[PDB]
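Notes follow the structure.
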Ligand SMILES: Nc1ncnc2c1ncn2[C@@H]1O[C@H](CSCC[C@H](N)C(=O)O)[C@@H](O)[C@H]1O
Ligand SMILES: Nc1ncnc2c1ncn2[C@@H]1O[C@H](CSCC[C@H](N)C(=O)O)[C@@H](O)[C@H]1O
Ligand SMILES: O=S(=O)(O)CCCNC(CO)(CO)CO
Ligand SMILES: O=S(=O)(O)CCCNC(CO)(CO)CO
């Protein structure tokens, strides 16, 4: 016996341990496929590509052709390619690698590249130091400033981040604009942390009479010009949010601790309750629901929750969301499914 | 439809993509558990540990207790802890986390730490540059020298590596010494790339009449002193291997390309065929066998094969091994299972 167990039981446990020690290879191989432009090469080929044609296009040295084959077979087994064998081995796209093809409705390749930046993803080697920090975020530990300040000083990172945020924007924004219950009766809305206006443009295109303010950090909105009913305001959501009939928070609250979310939600409440008005706040973020979601979906949401250590953020379940809303002085809330992993939450002051 | 597919099909593919983009979190969370000494804490506790007692021992700030809980639940779901719920949530070890407990027959925690070094594991961000190198290894790209030269210049790395190699040594070495077919009739053996003599000591303890030479790089064996029939020789296996009745190659050939393995095997053949003798070479390494191994085992071996990009190495199947042996001028070979992932291969000149 080994470790008080049958050798066969130990071998099974060793296999599990190795799967996890080496899990980073799943990430790194996927990154490599995107960096080598393989999904687009195959799409452009118009049929499954032979290994010989693939390496010919890539112009890899002959000494590394077998390494390409090994990586392709590894990716295929993970579900990113289909191997078809005739005279030669060939590689076809799958639905998952079709998500990496430029100029698709949903092209998520920019998310792969942003998340797997060596410095950002490398930050996760410092979970131990981070867990001992009373206040710092994981990125605060590794980058030497807060994340938003870091983006302001590093334009290539700012671009990578913006592209990653844009990569699922059409789908979410279109699902949002199709929610008439959100926009019925509004005369104005402020998109708090609204970025470069990606969401707001779709809103304005849908509802040409609606006043829309894109609100974000001064550096984010500097030099952007609005049109007719769309304007940009630079500011700090922790200090003052412009008055409107409604606030939108898309992918905002999951970036912050409960304490910081409280501060934001207080400013949002103020924005929608000026001069006797009683507006509302509309939130787009994940809602964890272990009882109702499919297990695989719950698992991804739990993973994202762990990933949010980067900003001391959180992916919240309904009880967690409710506790925030009550502490922030909102009277009631409603949660609806929106698209994929995301819900639409409305709160009423 | 999205990307020519039903939205539900796209959501399933998105979940797969996210699993892989974020796979590195599996590695990083495991590393964190080891760095925080959690498996040992639980072992020493003697029963499953409550979250409150765990965080008390760790002395984490109160603001990060929930983060500990989230990480523990993530690790538990992966199989490294069992959650037991009564008045509180508590965490028990599993067979897999028992592999991380100091002073077990098989303690693999040093392997977790060596593999997941930020610089070594971070090298895998450079698969693209590496694939375009005619000669360089992945570590050669990122470390700016060959790996063995790097260890010679960086003692903390050399220590980490040695500890990682030691972590499964007892099991393998004991399985080896129990193979009487290997040692029957030998008067001498040279352990080529034999390290600090870990294997050779077990051999000599088992077979006190057998002459054993531990052969490795000068820096590795400098200052080591042998006893009775165990000696150390510093050298270069690419240039000259000391004469003996047999050569052992434990975890050697998987570190090299086919071309380099040929060079090594030629020197091994020379070592066992001096002065009319006809000895043999004994190899300990993985043998991939998709037809015969359990699928989960094959998957780990294929993963290790991908991982060996670090040194342009390879985990070989039987046809691959055979082609090397034939090209190196050996007449016949035999493969036997040894322990866990490893086989024992004997080749005859
Ligand atoms: N103090 C602050 N005030 C206003 N915006 C802030 C802020 N701190 C961060 N942000 C903004 O919060 C956003 C989070 S990313 C989400 C952006 C956008 N709603 C989208 O869906 O693409 C960024 O644009 C960031 O600049
Ligand atoms: N040119 C060379 N000549 C001799 N040994 C070499 C070598 N290049 C690398 N090595 C050795 O090959 C070994 C690979 S690691 C395996 C070590 C040992 N057999 C064990 O099982 O623990 C290292 O000890 C390394 O120093
Ligand atoms: O968000 S960063 O950490 O990059 C910069 C600090 C921002 N501070 C706030 C203070 O209220 C929020 O913590 C906003 O100005
Ligand atoms: O192995 S390293 O890359 O760290 C150093 C180079 C060793 N060169 C050899 C030449 O025969 C093998 O490639 C051995 O001296």
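Shown for chain A, in order and in Swiss-Prot numbering: 4-352.
So this one's X-ray crystallography, 1.6 Å, going by the header.
Cβ atoms here come from the backbone N, Cα and C positions, even for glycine.
Around residue A:118 (substrate binding site), taking its Cβ as the centre, 19 other Cβ atoms fall within 10 Å, counting all chains. Annotation comment: Swiss-Prot describes A:118, A:119, A:120, A:121, A:122, A:123, A:124, A:125, A:126, A:127 as substrate binding site.
DSSP assigns residue A:253 (S-adenosyl-L-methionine binding site) to a strand. Annotated S-adenosyl-L-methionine binding site per Swiss-Prot: A:196, A:219, A:239, A:240, A:253, in sequence order.
Here Swiss-Prot flags A:257 as active site, proton acceptor. Within the same chain, residues at least six positions away from residue A:257 (active site, proton acceptor) with a Cβ under 8 Å of its Cβ are A:288, A:289, A:311, A:316, A:317, A:318, A:319.
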Practice prompt. Taking the Cβ of residue A:219 (S-adenosyl-L-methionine binding site) as the centre, count every other Cβ atom within 10 Å, in any protein chain shown.
Written response: 23
Worksheet item: Which one is closest to residue A:253 (S-adenosyl-L-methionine binding site) in space, judged by CA to CA distance, out of the binding-site residues A:118, A:122, A:124, A:126?
Response: A:118
Discussion item. I'd like to know which of the binding-site residues listed (A:120, A:240, A:253) lie near ligand 3, counting only a CB under 6 Å away.
Written reply: none
Practice prompt. Select the most exposed residue of A:122, A:124, A:126, where exposure means the fewest other Cβ atoms within 10 Å, treating these as the binding-site residues.
Written response: A:122
Worksheet, complete the sentence: Should one count Cβ atoms within 10 Å of each candidate's Cβ, the binding-site residues A:120, A:239 would be headed by A:120
Item to complete: For chain B, give the subset of the recorded positions A:118, A:124, A:196, A:253, A:257 whose C-beta is less than 8 angstroms from one of that chain's C-beta atoms, in sequence order, otherwise 'none'.
Response: A:118, A:124
Item to complete: With an 8 Å cut-off on Cβ-Cβ distance and a minimum sequence separation of at least 6, pull the same-chain contacts of residue A:196 (S-adenosyl-L-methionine binding site), or say none.
Response: A:218, A:219, A:240, A:252, A:253, A:254, A:255
Worksheet, complete the sentence: Students should find that the Cβ of residue A:240 (S-adenosyl-L-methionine binding site) has, within 10 Å, a number of other Cβ atoms equal to 20
Fill in: Rounded to the nearest Å - Cα separation of residue A:122 (substrate binding site) and residue A:239 (S-adenosyl-L-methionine binding site)
27
